[PDB]
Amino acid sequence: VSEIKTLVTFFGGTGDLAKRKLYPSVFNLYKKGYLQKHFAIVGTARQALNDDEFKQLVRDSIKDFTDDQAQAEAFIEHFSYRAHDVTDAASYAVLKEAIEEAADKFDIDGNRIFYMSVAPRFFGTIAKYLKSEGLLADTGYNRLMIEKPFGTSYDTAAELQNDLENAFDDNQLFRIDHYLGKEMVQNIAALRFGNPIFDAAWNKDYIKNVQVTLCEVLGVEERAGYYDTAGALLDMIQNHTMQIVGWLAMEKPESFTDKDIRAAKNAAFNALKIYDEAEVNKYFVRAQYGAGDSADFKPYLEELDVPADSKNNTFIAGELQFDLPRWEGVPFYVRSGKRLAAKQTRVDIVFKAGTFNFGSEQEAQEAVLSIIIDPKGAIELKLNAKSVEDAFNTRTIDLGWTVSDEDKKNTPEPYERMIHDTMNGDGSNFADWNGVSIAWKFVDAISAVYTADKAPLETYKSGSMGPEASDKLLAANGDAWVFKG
C-alpha cells in the first residue's frame, strides 16, 4: 500500500497514554505496511533514559501484540530519545539535533507531527518554542496534535488558541477528541447522506426530537481528585456530547471534504441558543448519586477524595435548541452520568407520528432510529406494522443489525485512526476552533449558574437511569427517553 513519510515527536513519550496506546497504534500502522522505512519517532521527556533504555521501553508497549519478534526489532530501530525540559529555550536546540539527525538517517523530507502528551499549561510554551527555536520543518507539513482538554472555559480556550495561532493556522491543529474517532460515530454521515429516505427526512418535518446518551455504570473511583472540579458537565458534555451533536445537527455539506463538513457543522453551532439563569433551570438538570441497595455502591459523598459538602454533578441532562430553519422546534436531548443502569453510548432519532388514521384501537406511534456506539455497534429501527390480531391494529417492530466478529476485529482503535488522519491531514474527524468556542460559550452559561448555586442539586439511587427530573424534562414537550436500562 502507499507509504507514509513522516517524523513524529512525542512530547511526554514515557507517560501512560504514550506507552499504552500511542506506541501500539503507531505499531499497527507499521504492521499494515503504511509505515515502512522513511519514518522515525523521536521520544522526549525529562528523564535521561539513554538510547538503549528507550527501545526496551517501547518493546514493552508493543509487547503483547507482536509475534514475529524480528518485525518488532526492525520497527523499534526507528526510535531515538533525547532528554529535554519544555520551558528551557536552549533545550530545544538539543531536540532540533535529534530531529534533524533522524530525518537524515531515514531521508525524511519534512512532514513533522508534534504530539503533545504533556500538562495543559505547557501547550502554549511548546508551540512558541517550536517556531522560534526552529524545530518546524522547512519542507512538507508541520502539524500539532493537542491532547485533552482544550481550555477550562471560553476565556482560557481563547488564550490557548491565541498562543497556538502564533505558530500554526487552525487547520494545522488537531485536538484529540476520543469519541469523534469511534467507528460508529463516523457511520452517522453514511446512513444520513447515503440513503435519500433519511437524507430527506432529516429535518423539523419528520423528526420530533433527537436524543444522545453517554452512560457509565462505574462510579468515580480513584478519579475523584480531578473529577470533583470538572464533573459530568465538563467531563462528558462539553467535549464528547457536543461534538456528536455536531454530526447530528449539521447542515448538508456542498461536498464531503473537511472544509465543507466543518462549514456545515458550524452553521448549526452558530445557531445554538445560549441560556440565561431562568432557562438553565428550565432546560437543564444536574444530579449526584446516592446509595444503590448494595453497600458496594456507596454515595458520591462517601467516595475517597470527595468533600462532604460537594455539589459536584455526577449526572447532567438537558434540552438544546438550534435556531435553524431545519430544526425549528426540534428538541435535542443529551444526558451523561455516573453510576447509571448500564454502560452505553447511543443516538435515538424519534420521528413524528403519522396523521393517517386506520380507525384502529392503537393508532400509529413514533418510529425510532437507534444507532448504538458502545459497547458494540448496532443499528435498530422501530417501525409501525400490523399486529397479529383478528381486527386490524398496529404495533411496532424492530429491524436489527449488529457488527460482525470480522467487523469488530478489523475495527481500527480510535487513537490509530486519529493519528492516521493527521498524517493524511484530514480534519473531518476533528473539532475546529469555531466548534469548540461555541461549545465552551454554551457550557459556561450553565456553569455560571452552578458555581453560583442558582439551581437545585438532584439526587439518584445508583444503578438507576437518573433523577425523576430527567423524565419530567422530556415529559414537558410530550417526550420520553427511548433507552432506560
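The numbering used is simple: start at 1 and walk along the sequence shown.
Averaged over their C-alpha atoms, the temperature factors of 66 to 74 and 418 to 426 are higher for 66 to 74.
The PDB entry reports B-factors from which the mean C-alpha value can be compared for 208 to 216 and 174 to 182; the larger average falls on 174 to 182. Per the PDB record, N410 has a higher Cα B-factor than any other of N281, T241, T152, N410. Residue-level inspection of the entry shows that, of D104, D199, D235, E366, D104 has the top Cα B-factor. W440: CA B factor in the lowest third of modelled residues in this chain (values from the PDB entry). Among all modelled residues in its chain, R346 ranks in the middle third by Cα B-factor.
When all modelled residues of the chain are sorted by CA temperature factor, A287 is found within the lowest third. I446 sits in the lowest third of its chain by CA B factor, as recorded in the PDB entry. Ranked by Cα temperature factor within the chain, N357 sits in the highest third according to the deposited record.
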